[PDB]
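Novice: Handing you a structure now.
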Amino acid sequence: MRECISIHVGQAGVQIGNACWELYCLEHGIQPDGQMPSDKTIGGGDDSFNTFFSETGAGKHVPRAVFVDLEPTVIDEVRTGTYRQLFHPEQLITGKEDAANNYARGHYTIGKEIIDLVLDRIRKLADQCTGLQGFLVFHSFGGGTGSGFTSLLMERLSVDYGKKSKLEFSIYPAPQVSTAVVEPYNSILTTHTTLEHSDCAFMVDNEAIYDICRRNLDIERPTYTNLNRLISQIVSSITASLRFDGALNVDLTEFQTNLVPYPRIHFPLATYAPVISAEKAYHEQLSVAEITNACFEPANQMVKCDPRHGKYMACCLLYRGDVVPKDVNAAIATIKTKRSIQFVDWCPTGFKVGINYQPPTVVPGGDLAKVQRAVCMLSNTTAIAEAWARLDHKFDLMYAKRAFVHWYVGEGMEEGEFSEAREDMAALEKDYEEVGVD
Amino acid sequence: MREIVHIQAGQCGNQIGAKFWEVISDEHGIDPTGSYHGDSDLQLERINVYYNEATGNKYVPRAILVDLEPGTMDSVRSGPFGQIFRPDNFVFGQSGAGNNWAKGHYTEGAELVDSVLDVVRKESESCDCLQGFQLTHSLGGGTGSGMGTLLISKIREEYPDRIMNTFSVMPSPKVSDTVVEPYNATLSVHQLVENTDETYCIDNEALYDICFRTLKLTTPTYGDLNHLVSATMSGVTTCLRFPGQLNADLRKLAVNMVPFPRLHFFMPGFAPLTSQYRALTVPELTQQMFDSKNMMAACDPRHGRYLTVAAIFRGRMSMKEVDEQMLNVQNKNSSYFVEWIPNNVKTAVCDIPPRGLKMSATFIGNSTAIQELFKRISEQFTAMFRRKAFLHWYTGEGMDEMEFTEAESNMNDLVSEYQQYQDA
Amino acid sequence: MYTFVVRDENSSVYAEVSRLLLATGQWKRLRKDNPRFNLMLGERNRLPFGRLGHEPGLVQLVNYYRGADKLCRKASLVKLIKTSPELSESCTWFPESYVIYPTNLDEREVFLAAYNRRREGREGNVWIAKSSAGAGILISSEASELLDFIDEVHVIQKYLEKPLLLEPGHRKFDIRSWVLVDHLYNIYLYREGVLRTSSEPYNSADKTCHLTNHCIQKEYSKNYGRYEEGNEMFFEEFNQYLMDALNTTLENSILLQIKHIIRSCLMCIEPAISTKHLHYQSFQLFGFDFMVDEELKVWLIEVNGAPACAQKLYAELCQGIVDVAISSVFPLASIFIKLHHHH
Amino acid sequence: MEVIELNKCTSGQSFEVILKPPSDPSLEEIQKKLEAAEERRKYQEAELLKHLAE
Ligand SMILES: Nc1nc2c(ncn2[C@@H]2O[C@H](COP(=O)(O)OP(=O)(O)OP(=O)(O)O)[C@@H](O)[C@H]2O)c(=O)[nH]1
Ligand SMILES: Nc1ncnc2c1ncn2[C@@H]1O[C@H](COP(=O)(O)OP(=O)(O)CP(=O)(O)O)[C@@H](O)[C@H]1O
Ligand SMILES: Nc1nc2c(ncn2[C@@H]2O[C@H](COP(=O)(O)OP(=O)(O)O)[C@@H](O)[C@H]2O)c(=O)[nH]1
Ligand SMILES: c1ccc(Oc2ccc3nc(NCc4ccco4)[nH]c3c2)cc1
Ligand SMILES: [Ca+2]
Ligand SMILES: [Ca+2]
Ligand SMILES: [Ca+2]
Ligand SMILES: [Mg+2]
Ligand SMILES: [Mg+2]
Ligand SMILES: [Mg+2]
């Protein structure tokens, strides 16, 4: 058994972390007080769920998690929430003044003052690990803490844990749910300095989650609570292989092996189905073929783009519920005949499939309806580069006028870091085009 | 615990500042004696932003009252909510400033400024994490204009990394006390260009026209004009005082509104403005909020382009309907928003409406059309300065003509900086 | 009040469409870089499809189908027909074609394999080489001249040695059909076509009487505008000729095959380009070019993704574009033949 | 359509289906950048204090 440490940075990272750990407890039968009746090895053990939960002699199952924010009001929700008993104060780190949506403030000004405290609290968790796999890092692109402090933390984690893997869950900025304007700056600044430090990053566009909540859950104005419940379901499907018995994606290294042939192109597209409103008293349960076909509908992707006009490098299908391999292969054969699935020439045209028999768990009283089977597809397609092109274009519009740049220079940043980051994104956009276009 | 320190200076600054504390004390359920008497915990959640909690569950405004005359601050202490202010926070002289920027900034005000900073320091010391400062004042007089900008400069010296926002009343010949108002305003504007992060430009001409043309008041008073200012000040601070969609501090708010450091002068607006029981629909709130008649800077937004726009809606209303109306307004004004700042129109909501309104909307525009206000002040300045008219009131306090020449050049530069982004 | 942007100034078709939209008083034109549009009349090259459908609360529509170049390129069309089971290599209405990459960079040996079968069997062995980089076209019966001309990506297809020749004149022609595909992938064939006719007599033994291009007939042909105005014969006259000369109609002898070919091509690429469940919607106007042999068999020549129109038909067609392709998505306050199909 | 590497357990199973064969900076350097940015901050603040002192 090899442990994983989750790190949640900024408001988006903390609130999504809170949603994920709540769902983890519901999936593993862990009560809010930390007790797990089905766990018979009291005070220890090396089961699959112990990769995410340590155990005290009293029987409490403590998440291997660190929460970091430069302002306390969001983490104070964790301190006084339903699952407050899971965590001890050493795991919850708060500053007094946030980064004000300013990357330079999170990376340089405020980050320099708290980075050693965070690394010490992380070291405390790593000391409980007999064989640490690495880290899962949750953060937004747009926040000053989520962008600025995360990239600083990722730099130091590569220094202090050079052999460990690091995976990201990153919230891509969407104007419909954002009250900020400088997020293209923060997103490109943080992607530039984190790129060489992340092995595999799962981007979640808030635009996509927003429209899925409106379309499939009939929520007129989705809230962050609605968005994070849906996101935690996708994250859970991605990490379920680390927490349950299985043979696919059983350690963090396998994510890069199965999904990332070229290290810079490490942003797999996630697609999830089915998302069914809980207000529907009775909904017809979709078959394996129907949920698998839904994995190739852009309306179900975590990032809106067109995989028909790109090329795949890898594809992983992660099923939960009543699914047998025969039905999976029958759906794949039908999909190949009807869908535009083009792989690159230097990769096999295939699908790695994982099936976990436990059906998806939903939060009681939530908006997601219980379903008999669900699938999350992880595909490394060049089509996700459309998300970089959109972001880089908004960057170019503002930076040509140096709009808002003085806020960053005022915190010690140089203007050369802007163009250095932008040139790295230009090379990234060119890498995708060389791989996926003839 | 993100505290704001409030300062009000001079006649206009103290009269509008007093109304602001009357309005928000009512919104938070604080009575004229500092005792809470509300019916919602939402009123006390962010009460610490503007109020200090004392013994016996008493809430004391974090407000400092400054003047060079005792007259207006005696009216405040005898006003409705006069007893709620901390007695030690009344800092005043006796000589006055004679509507003279030099007296407030260089002679009379310099003698009093240190004792004001002692009160500012005492209030800052008891702040868990100070957000920043806000100042209410006029620019056409001597105390609020001259000593107010002197205070801002000394606050930036002692608190260089703290936000400084102002509500600044611009003079107009329509609503004028002395002829030297363009002199005082031109000298003060350059101070604000350097030492504030947000300045809400409240034009007394616009306030007058709204009371006359819209509210149908044939003879408006300062009390009528100040009613518009209290309602606007309450609307722009709603996101700081009540829980809701926004939980941004002053710095984050300024970061997303100010793309260039010197262009931080905002055109405020408010809706509804009714002369009264009819329910105002969301299309009506949104259309009036962007109408020039509801603007308080007396600038035509169609004569420039918006760098950034913020709109804060208060009350229980349909957000889907609000989003639809904001889309339609942006289509009608598509040519009046810069295209090089994506998504530069932002909307926010708070569920608690003001006193006496089912719903309201507050407008904050960072528009290049504000250069019309600085052009107006600049022409009136030059009309007198070319003949050195009334200058002896200032040279008699030690000022030189060169300082006026430099203030004139500083504002022509500010006007030109707005013009370069209007063409881009 | 709808908003639209114009990003192709050289489009004679959509310059009229933009003119009609403004004339309704309900469409406001924006600057070419304003992202807050309802409709984009996009550019031909590198249209940024990846930035469409991301403005909150805006239904966005573009006048080009992403991926439709597969049909509107010389080498792409040949590969699309040979590799698609719906069309197959046994396609009966497309001339036997081959993709030939120049030697300074493929189907060279396969082209010569079928070439030797025609030379041996006394059959007509005339081919034609062309590419998308043309105004440069070579027609020859010797395979050596064809492969050497390409080296100086091209396609070599069988030259239709037995074309239907109009009388009087003994002259070659081609049929241009305009097809509009809307956002629901309805296929609308414009009722009016044009015959771009050659004014020189066809000589089976000089490229003026073999290439029916409107620019070649106006630059290198001395009989331009003799029989018909601008070498453009419309369907009414051509139908009247087919009845008098061949005792048949345009609908029976030709138009049934044309409608069949348009449907086959567009239904083939429908899963690859449809915007049915996409965050933005597309429509596009296509120009199909056909050839008719002496047996009244219709052959597909090429498909134009950015076609112009005939001067007499600009007003009618552009109004139809606003009607079924634009106002169907953005309603205000038939000249087409709908080719029905199964989605 | 070949299925390979089928692994089964009580809580699920996994396999792979092939449709077609194919055709860091040191802690020192990070401290240098953090301190260089803090020095530019100190320099800009000192110029402000100098400007205010004048
Ligand atoms: N999906 C989701 N997105 C969020 C959530 N909270 C914030 N965001 C997004 O994150 C971006 C804002 O960054 P934040 O994470 O709030 O800021 P931060 O990381 O705390 O950094 P600061 O600037 O110091 O506050 C916006 O694009 C929001 O839409 C959340 O709970 N769920
Ligand atoms: N296989 C073939 N047999 C006979 N004629 C042919 C032919 N291929 C092409 N042509 C002739 O070539 C002419 C135009 O060729 P082509 O269509 O490749 O040029 P082009 O694409 O520039 C015209 P457009 O402007 O419609 O795109 C037609 O008039 C047609 O008569
Ligand atoms: N809106 C408003 N403007 C005022 C008020 N009192 C004065 N003014 C304006 O402020 C300017 C005079 O400055 P004032 O504040 O009286 O001088 P000070 O005491 O030296 O600061 C003139 O332009 C007046 O029109 C007021 O109560 N409300
Ligand atoms: C999204 C995001 C923000 C929105 O509204 C804003 C924007 C900028 C603002 N600045 C202030 N400062 C008021 C103040 C306090 C002390 C002195 O002045 N309030 C603001 C509100 C609307 C939508
Ligand atoms: Ca155990
Ligand atoms: Ca590494
Ligand atoms: Ca004295
Ligand atoms: Mg935050
Ligand atoms: Mg006065
Ligand atoms: Mg062509």
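So this one's X-ray crystallography, 2.2 Å, going by the header.
Including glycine, each Cβ sits where the backbone N, Cα and C put it.
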Novice: Determine which of A:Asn50, A:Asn206, A:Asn216, A:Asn249 appears in Swiss-Prot for the same GTP site as A:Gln11, A:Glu71, A:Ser140, A:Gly144, A:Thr145, A:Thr179, A:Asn228.
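Specialist: For the GTP site that includes A:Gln11, A:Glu71, A:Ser140, A:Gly144, A:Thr145, A:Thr179, A:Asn228, Swiss-Prot also lists A:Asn206.
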Novice: Around ligand 4, within a Cβ distance of under 6 Å, which of the recorded positions A:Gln11, A:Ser48, A:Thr179, A:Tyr282, A:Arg339 show up?
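Specialist: Near ligand 4, sequence order: A:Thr179.
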Novice: Rounded to the nearest angstrom, how far is the Cα of A:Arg339 (omega-N-methylarginine) from the Cα of A:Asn228 (GTP binding site)?
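Specialist: Here the two Cα atoms lie 31 Å apart.
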Novice: Taking CB atoms only, which of the recorded positions A:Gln11, A:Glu71, A:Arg339 fall under 8 A from chain C?
Specialist: A:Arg339
Novice: Determine, using Cα-Cα distances only, which of these recorded positions is closest to A:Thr179 (GTP binding site): A:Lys40, A:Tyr282, A:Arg339, A:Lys370.
Specialist: A:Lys370
Novice: Consider only the recorded positions A:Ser48, A:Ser140, A:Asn206, A:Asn228, A:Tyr282: which of them have a Cβ under 6 Å from an atom of ligand 1? Write none if no residue does.
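Specialist: If the test is a Cβ under 6 Å from any atom of ligand 1, the answer is A:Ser140, A:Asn206, A:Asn228.
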Novice: What does DSSP say about A:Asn206 (GTP binding site): helix, strand or coil?
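Specialist: For A:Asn206 (GTP binding site) - judged by DSSP and reduced to three states - the answer is helix.
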Novice: Checking interface proximity: list the recorded positions among A:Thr179, A:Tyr282, A:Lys370 whose CB sits under 8 Å from a chain B CB, in sequence order.
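Specialist: Correct list, in sequence order: A:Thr179.
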Novice: Looking only at A:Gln11, A:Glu71, A:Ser140, A:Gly144, A:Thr145, A:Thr179, A:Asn206, A:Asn228, which the record lists for GTP, tell me the maximum pairwise CA distance in angstrom.
Specialist: 22
Novice: Can you tell me how far the Cα of A:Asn206 (GTP binding site) sits from the Cα of A:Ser232 (phosphoserine), in Å?
Specialist: 13
Novice: Where the distance is taken from Cα to Cα, which of the binding-site residues A:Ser140, A:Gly144, A:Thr145 turns out closest to A:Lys326 (ubiquitin cross-link)?
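Specialist: For A:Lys326 (ubiquitin cross-link), the closest Cα among A:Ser140, A:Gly144, A:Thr145 is found at A:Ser140.
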Novice: Quick check: in three-state DSSP terms, what is A:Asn228 (GTP binding site)?
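Specialist: The three-state answer is helix.
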Novice: Measure the Cβ-based neighbour count of A:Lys370 (ubiquitin cross-link), defined as the other Cβ atoms within 10 Å of its Cβ.
Specialist: 16
Novice: Which state, by DSSP, holds A:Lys326 (ubiquitin cross-link): helix, strand or coil?
Specialist: helix
